[PDB]
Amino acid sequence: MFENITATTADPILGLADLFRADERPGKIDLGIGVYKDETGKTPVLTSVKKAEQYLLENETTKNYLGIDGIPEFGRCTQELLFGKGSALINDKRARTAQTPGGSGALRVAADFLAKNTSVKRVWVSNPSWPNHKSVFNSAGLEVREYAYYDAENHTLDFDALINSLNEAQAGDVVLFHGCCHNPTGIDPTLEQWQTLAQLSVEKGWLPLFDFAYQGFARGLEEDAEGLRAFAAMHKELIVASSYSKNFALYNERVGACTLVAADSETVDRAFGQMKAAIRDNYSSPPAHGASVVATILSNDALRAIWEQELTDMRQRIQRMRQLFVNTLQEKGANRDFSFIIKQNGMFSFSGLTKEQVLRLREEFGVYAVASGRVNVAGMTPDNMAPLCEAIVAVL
């Protein structure tokens, strides 16, 4: 049965770790997968996470199965982060949260739930795009269409092209939005743009799906949720697939959430029953450790303030690497204006490298960016900056 299985296209991002590891060039540099690094080029455990885990070591008395939807206090903390403490969504009990294995898990759960229980047939995603969106949604039998998003001459959100692109999108189509730190462009709608989009989505009868993996990385926790909250103020229904992988540097514990919102409690509770059925046929119930850490941190005043400052330190270091990055490129002999890189949010820099230029950075310099030309600014340090910028300049 297995002799004739055909090999797959390597994943443009995930496949990068093996290719990087196998490269024998001394001085190779990994700017691929979006993991935050410190000044030393390490990805450490957060001290607030270590404190929470020590707490769990001392105090946990069982590993008994969580509910299918996970730790209740986790869902409750997720909803405050997403919607704001005194939110009308929370007071009206209009939202149900399933703790999932990562925002990835939340995406797949959303996709299965929608394919099995609704009339949804397509999801609209942005180009440039995050590859797993089309992969996850297609696997659940959903068709995926692209909307336009980016002006590549100006390195700007092309707002009219976004809207014109979606003239197409019908009532009961899903439209996917990145809550902040658009992956890969780093360009986000303004508040006013978020409000226009929200109003258009209501009028068009779209079902909004927010992929929210970077809360805290654009401007800060509350300001990063403005876009989502503006959609939340307008809509009877939406889904949020959120992650704690990046904001807690908890990548490998797979901590995320699928939040369902509907017009009232009755409806959301009833629809959430079928979300649980979608999880049943998948991984059955979610992993306790990472979510308990996040719930422990978010529930304790003192721990939370420790985490919040760690998060801003992460964000400030990336801002510093972005200034250093555009400065070093100039100094290494790039003509070009690269100031547009300073105003991209999140972990990445995106300009306009072709696949050919990316492959050359790799073969010739051992510098690994993603096939799309996306570079991990958060993987840059004062020590790799010079060789990495020299590599980039040579391929321009």
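Numbers follow the displayed sequence, beginning with 1.
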Next item on the list: Could you check which stretch, 257-265 or 80-88, carries the larger mean CA temperature factor in the entry?
Entry: 80-88
Next item on the list: Using the B-factors recorded in the PDB entry, average over the C-alpha atoms of 371-379 and of 10-18, then report which stretch comes out higher.
Entry: 10-18
Check: For the listed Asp112, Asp301, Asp224, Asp211, which has the peak Cα B-factor recorded in the PDB entry?
Finding: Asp301
Margin query: Given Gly366, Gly41, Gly34, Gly67, identify the residue with the highest C-alpha B factor in the PDB entry.
Written below: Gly41
Note to self: Sorting by Cα B-factor within the chain, modelled residues only, which third would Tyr150 end up in: lowest, middle or highest?
What the structure shows: highest
Notebook entry, point to check: With respect to C-alpha B-factor, does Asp281 fall in the lowest, middle or highest third of the chain as deposited?
Noted result: lowest
Notebook entry, point to check: Of the three thirds of its chain by CA temperature factor, lowest, middle or highest, which one includes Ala161?
Noted result: highest
Notebook entry, point to check: When the modelled residues of the chain are sorted by Cα temperature factor, does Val45 land in the lowest, middle or highest third?
Noted result: middle
Notebook entry, point to check: With respect to C-alpha B-factor, does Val293 fall in the lowest, middle or highest third of the chain as deposited?
Noted result: lowest
